[PDB]
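Protein chains in written order, with PDB author numbering: chain A, 1 to 295, 337 to 593; chain B, -2 to 295, 337 to 593; chain D, -2 to 295, 336 to 594.
Idealized CB from N, CA, C, for every residue including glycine.
Below you'll find the structure, written out as structure tokens, and then a few comments.
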Ligand SMILES: Cc1cc2nc3c(=O)[nH]c(=O)nc-3n(C[C@H](O)[C@H](O)[C@H](O)COP(=O)(O)OP(=O)(O)OC[C@H]3O[C@@H](n4cnc5c(N)ncnc54)[C@H](O)[C@@H]3O)c2cc1C
Ligand SMILES: Cc1cc2nc3c(=O)[nH]c(=O)nc-3n(C[C@H](O)[C@H](O)[C@H](O)COP(=O)(O)OP(=O)(O)OC[C@H]3O[C@@H](n4cnc5c(N)ncnc54)[C@H](O)[C@@H]3O)c2cc1C
Ligand SMILES: Cc1cc2nc3c(=O)[nH]c(=O)nc-3n(C[C@H](O)[C@H](O)[C@H](O)COP(=O)(O)OP(=O)(O)OC[C@H]3O[C@@H](n4cnc5c(N)ncnc54)[C@H](O)[C@@H]3O)c2cc1C
Ligand SMILES: C[S@@+](CC[C@H](N)C(=O)[O-])C[C@H]1O[C@@H](n2cnc3c(N)ncnc32)[C@H](O)[C@@H]1O
Ligand SMILES: C[S@@+](CC[C@H](N)C(=O)[O-])C[C@H]1O[C@@H](n2cnc3c(N)ncnc32)[C@H](O)[C@@H]1O
Ligand SMILES: C[S@@+](CC[C@H](N)C(=O)[O-])C[C@H]1O[C@@H](n2cnc3c(N)ncnc32)[C@H](O)[C@@H]1O
Ligand SMILES: C[S@@+](CC[C@H](N)C(=O)[O-])C[C@H]1O[C@@H](n2cnc3c(N)ncnc32)[C@H](O)[C@@H]1O
Ligand SMILES: C[S@@+](CC[C@H](N)C(=O)[O-])C[C@H]1O[C@@H](n2cnc3c(N)ncnc32)[C@H](O)[C@@H]1O
Ligand SMILES: C[S@@+](CC[C@H](N)C(=O)[O-])C[C@H]1O[C@@H](n2cnc3c(N)ncnc32)[C@H](O)[C@@H]1O
Ligand code: NA
């Protein structure tokens, strides 16, 4: 009923004590599948489950829906996460009332991320600048009804804090009435155990709950670590390097790595483990088997926004909710102050030339599979077709191919060429006309506020990467599909706006980026003939956005 | 249930002209198939059938499963069921057991059938028990259960039964109806004119009970042809002509077939025959489509099965004709077409005759040899000459265009792929060597087993292995052909059974029988897949210089 | 529950003279012990106690368990509970948390206690929080809960909480009572004349609240003596005399003790003190027996005879249980006075040898003075300690001594008793690997070894219980009072390393003595070795011959 009590019992008995965190899926089908997965995984015997809070809102209704479904109908003990600065007092109160009626008695009280547009920062005027304010609020309005957790950071935090100040701030939050701490994910257990010592020496006595993230896939492992700024031991990276492109092998090794880390934590007397499942069952199950703590695999291996959208695990899962990293100042420092289209284009070309690691829409630095199409990509961007994502055609590379290879060995892998880009409304009609004339191309196109255009008649899923491996069915990690694409549309236009808001209200940069997002089309083109490398670039060869140097 | 008798339901269909139809299902070959079938039966019940039929497995191997399903359908899912039941295949205790189960389930409708007599005849219990013909089962049900069960019997518009003699057939049909059958269900047909003429003949013979036409929707071109040819069932040239342009694309075939069958159904309805009985083959889509076309309406992952090569999780899995039975013709007819083999070489020559297109069917053959065997014909022949008796095969294909005249399938502007595979019988003496050779080549997956022994394989996980797939515009990868443990074991049992049923076409002491029985009791069935689909020949290379000894030895 | 206050229950006892008694239980050390305790509490409630007490674990850790048990007892089993609670050991948040839990459980009676102050008073949060004495907790409960809880406080007839100056003690008792306590519960005693004189003193000081005598039935001779000596508690010479003929047979001891304690109780009842509070030590039998003797009544004897940390860990009664407080007794000053100021390993070794030579009565890890069964192995024990293998506990092999043997005998007569030799000691991490290597070479030895913060090493594959003392008696199953078992050993590990640290903290923050003792506890292994061949006396000492800890005279930096 209260987590602090469950934790106290874990600390006394040393019994198997663990919990699972889930996030709100991006698809309706994902939500239904998640409920099934939550039911199955509850038989592993977690003391409770966490449901994350979507930064801002929109999915507020979904989080509350799911807490109600889990707590009230499925009879799963839930801890609801809740942010404050990204919202207002009415939305906070609404969430608390819903959690109350649902039978939830555990809140993880969080700040969330401050708005970039500080002119429109209601929560701070409302007295919700920090997580401590939410802890205080819950205690004042609901007394002892809710047990309250707070976030702890063994390896520091995004905002500009030395460790001493961070622990002072942690003590403030705990002293407002939080019964436990939940840490951000980590893979350096020595640093974690040192941090625990520091926390106790600061006079913070509440139970500490380590955030454990099992390794489902090499990509999500790295991307989530780098995003959370999270040292991976050289021992681990070394052990994974031989098999990084085979996620079955990665997961097998990671099982042992993470389970060993968990044993070091348990032997240190920290007895409750909090698993970030990423809405997947297998990696968590595997770690629990390794710990001897135990009493449907079709979406085992997600691929960011390119996997099956029916999976609970679908989407780019680097952070707790939508947006760019870094201070407004830092983002102006990395991406400059663009006054026109050409400036944006040059930024993107810098990305393609490996001079910048991250664009606003970039999960990661430019991949090696761009090397042989780099000039064509650069050419598009010069002409103002701002490329967001791409892949080359591949016609049966060996699965150990250093650039193109993935999965187990003695396989062959295939890729349909695709291209995804922003383009001006002036130029879109022509692009449409040209694609429609070539019937072996599938396209999806949409504006921020408009309707989806496509030539796909059925518009079911289209496989654009697949693999043939001994003794196996065809593996299809990369899909282009209507629902996946619309899910991305919303995020992409949002990221553009969050970029715009790194600049001042009247600024050239802001008005430029906002006009772009409100008028430009996001376009995805797939060439279903995977024998052909260049036909997408050929189709787009004459086309240029005019007024590349125009300043608003 | 509720004392509902089909004869009354049919009388009402004939009076009202209301939408009146029923769906036949068969017992699936896999446990997963069974579960999936229950879901499908639930979904399809919303189309509004008056009832559903569940078929009886020839012999009563799957008798427990049929009964399980009738109970599940009638008693738990609340679906009005007619249970099929055979008699000559079984004996009195098994018949009574099935009837008692159908009784307790709340079933009130039986389709009373003979099934196929045993080939041996020395071991024919049912005839000893007085169950030689379906009429005997009709009489039995009436004696033991009175009016509780309404009883259907089989009718044959295009001859069938055991002999097409004609007229004698209608006399025999009248005998069975007069034993106390309330209705007739016909075997499938596609010649509606012949059907309507047959109906006239049936009535003129003084048989007045309601006639229910067996309608088979076209799910796939292959199953359409194979089931028609097996049932000896005239397909109009009109139909064959209209399907030929698109025979290798089953989406297109099914679209055309919707119209063909719906048109046929309209001709039947206009003739005053008002209840349609659909053979679903445990698939929903083709039946749904025909009903949409008639305006009779109020999980497509397995829409396109591929005999024993499709997904074994599908209800529709398996090679689906003649109710699970075995081999088709008279013992005489089978001796006439397959000869009287005295040794291994005789069998080999029979198989080579098959490969050379000189005979259309082997005991293990769904169909005549495909064109995709033409470019590997010599190697197949070579194996059979050396006594590696090939049952099934396919060549490697590395991205043929989907319109390729031999290799192509599915829609256009696609590419299709095949892993080479080989399936064959081999002597126990030679199997150890074959095993040793396969194990040395790690890119080969193999499955091997005897009639009575355990499955050997190098597949560690032994999940499904895709051996035919296709890449089509705007689609996920299509995988019609799978080699999988469950599929293979399902086949093992059937293959060794077919061999024994072949043996029993010959006399008890005969050279042919003792030969075939020794072979089935000792030889291994082996399936080898070359996962490198860039390579055509490595399977044949691996098996070069292996020969079964004593090819001419007569037992 | 039901607003029932103990002061009213006591007033009724005093008016009616009805059978009025209560049972104290403590939080068990084992999960299995907890479950067994619930069963015992259920059974014993049929004896008809007015309520039960649940003790508070000094410091915490088991705070959760105390609260769990109060909830289980009060809320689910329907047993009227009085929850004990300390304050100086804790802080304001933990106190409030405990009170809130007792509140929600339906408890309406608290025994308000100080507990023991930290030895390192630099780290004393509770005193900054305004919780220096029990009176502060009494005041706090009254302020936060008003009349909801009736509050008891501790009384000391024989002068044993911190100081013994009886005048000052009674002044302080009056302060506590006047803060809003409704009753007094005394520490255990066996001198009834002193008790009745004390009551007179209490009343003459102007303290009128009901007094509840703490009665401890005699379960075993060992626990009787150890608890008495530890609480500094005069046992009458009449009692010692009457027990001496049969001290090694606990059945006989318990039979005699039934009469002794029941007679004492009758003297108390005739004096007009009508409610008896029994310290059960989580055992049923001795309390039952006293109640039968008083005519106050209206297998599960498998653990009737515990043996400190050596008995079955599944018993509720398992563990040492000399005090409430999981630490060493006495002022920091007093402890420095008796154990000196050790600067190096040799100093500690000499302290231990002084213990072995009967020159000091108590080491930090010592329940009692050295036993007579050490006499014939004393030189070998001394030899180990000289070499820096600091021995904590030991026993000789015994191969079927008669049960009346003056040194080795125990239990009833015409029996035979057996002991596996065992040795338990602290050893440096430098030397442990060698000891391990040597034990592993001798397969008839079972060992358990562990550090303060490290994992358990052992050669026991199943690692179930190993019997190291047993007895064969006429008409009986084999009696197995002494067991070495994983759970028992880990329970002890934690306590042993804690006692070492509590010793360290008797010295100043920077001091040689403290840094020495802390380094030792944080780095040295606790090792238990059993020689399963009980025909062999000396093979443990042989195995460990020529091992020596280096830097015995080195003084830390
Ligand atoms: C286990 C866990 C779960 C999470 N779940 C979610 C989730 O569901 N949804 C989501 O959007 N995010 C989530 N987050 C992310 C979190 O919202 C971000 O890290 C966010 O930036 C703030 O974290 P916080 O609540 O710890 O903020 P705070 O504890 O307020 O700290 C925020 C910053 O302000 C500083 N600070 C604190 N007090 C003061 C003060 N008095 N004066 C000045 N500066 C101060 C801190 O040092 C720090 O730099 C989660 C994080 C963790 C570790
Ligand atoms: C709608 C339908 C459903 C079927 N369902 C199944 C099923 O679920 N399971 C299964 O195993 N099979 C099934 N069958 C197949 C059937 O069992 C075979 O066709 C079988 O070989 C004949 O069975 P019958 O009941 O039609 O035979 P019968 O009507 O007994 O005819 C059998 C043969 O004996 C002849 N004959 C009949 N009476 C006499 C007589 N008095 N004297 C001499 N000769 C006689 C007939 O002319 C014919 O040649 C079904 C057939 C149909 C049409
Ligand atoms: C019946 C009983 C039950 C107990 N139960 C438990 C239990 O469950 N758990 C546990 O940990 N311990 C328990 N104890 C032990 C108790 O916690 C210790 O004996 C403790 O050291 C003193 O407890 P107290 O409440 O009497 O302290 P207090 O009455 O506060 O006094 C303790 C010492 O401080 C002195 N003192 C008091 N007031 C002042 C003042 N104003 N100025 C100066 N000195 C002062 C006293 O004279 C005495 O020397 C129990 C004791 C008894 C008698
Ligand atoms: C497409 S590969 C990336 C390889 C390379 N960067 C390229 O050129 O595409 C990444 C995807 O493959 C998936 N994957 C890797 N190994 C797999 C395996 N054994 N089975 C299934 N999916 C696998 C991952 O989970 C991820 O979704
Ligand atoms: C996650 S991978 C997609 C590959 C695909 N999922 C697969 O299975 O191979 C992202 C790809 O887009 C490319 N990319 C990233 N940012 C880009 C940009 N701004 N413009 C064009 N291509 C970009 C990367 O170099 C990489 O090839
Ligand atoms: C593998 S192809 C035939 C191979 C080879 N050309 C031959 O005929 O010997 C036949 C299989 O493909 C399936 N099939 C045909 N068209 C299809 C389509 N459009 N979508 C999915 N499966 C299809 C059929 O149902 C059957 O399972
Ligand atoms: C139903 S198809 C199976 C292949 C599958 N439909 C596909 O995806 O191509 C049967 C195949 O086995 C071959 N075959 C049939 N009988 C054979 C035999 N006795 N020996 C060897 N090959 C045989 C046919 O020529 C054909 O290629
Ligand atoms: C708890 S008593 C008795 C243990 C056990 N119940 C028995 O039957 O002997 C512990 C035993 O170890 C001895 N002992 C106590 N402290 C010791 C120490 N520091 N070093 C060695 N032996 C010690 C005692 O003299 C006694 O023989
Ligand atoms: C291990 S023996 C040692 C006694 C004494 N040091 C001696 O040997 O002279 C003491 C323990 O034996 C057990 N004990 C004594 N008498 C017993 C009896 N009659 N039945 C069962 N256990 C008994 C109790 O658990 C007691 O703590
Ligand atoms: Na904990």
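Option nearest residue i by Cα separation, candidates the options
{"i": "residue 227/B", "options": "362/B, 461/B, 191/B", "result": "362/B"}
{"i": "residue 20/D", "options": "374/D, 65/D, 277/D, 445/D", "result": "277/D"}
{"i": "residue 395/D", "options": "409/D, 386/D, 64/D, 401/D", "result": "409/D"}
{"i": "residue 545/D", "options": "417/D, 378/D, 531/D, 440/D", "result": "378/D"}
{"i": "residue 502/A", "options": "558/A, 446/A, 455/A, 484/A", "result": "484/A"}
{"i": "residue 111/B", "options": "98/B, 100/B, 102/B, 137/B", "result": "137/B"}
Distance cut-off 8 Å: residue i Cβ against heavy atoms of ligand 3
{"i": "residue 359/D", "result": "no"}
Residue i CB to nearest heavy atom of ligand 6 below 8 Å
{"i": "residue 448/B", "result": "yes"}
{"i": "residue 349/B", "result": "no"}
Cβ-heavy atom distance, residue i to ligand 8, below 8 Å
{"i": "residue 404/D", "result": "yes"}
{"i": "residue 392/D", "result": "yes"}
Cross-chain neighbours of residue i in chain A, by beta carbon under 7 Å
{"i": "residue 481/B", "result": "451, 511"}
{"i": "residue 58/D", "result": "12"}
{"i": "residue 62/D", "result": "12"}
{"i": "residue 565/B", "result": "Result: empty, since nearest Cβ-Cβ is about 13 Å, beyond 7 Å."}
Interface partners of residue i on chain D, CB under 9 Å
{"i": "residue 267/A", "result": "490, 491, 492"}
Per-residue contacts from residue i into chain B (C-beta, under 9 Å)
{"i": "residue 499/A", "result": "512, 513"}
Contact test: residue i Cβ vs ligand 9 heavy atom, cutoff 8 Å
{"i": "residue 345/D", "result": "yes"}
Proximal residues of chain B, C-beta to C-beta of residue i below 8 Å
{"i": "residue 33/A", "result": "Those within 8 Å of residue 33/A in chain B number zero; the least Cβ separation is about 16 Å."}
Proximity test, residue i beta-carbon vs ligand 10 heavy atom, cut-off 8 Å
{"i": "residue 291/A", "result": "no"}
beta-carbon residue i near ligand 7 non-hydrogen atom, thresh 8 Å
{"i": "residue 418/B", "result": "yes"}
According to a CB-to-CB cut-off of less than 7 Å, which residues of the segment 6 to 30 of chain A neighbour chain D?
8, 9, 12, 13
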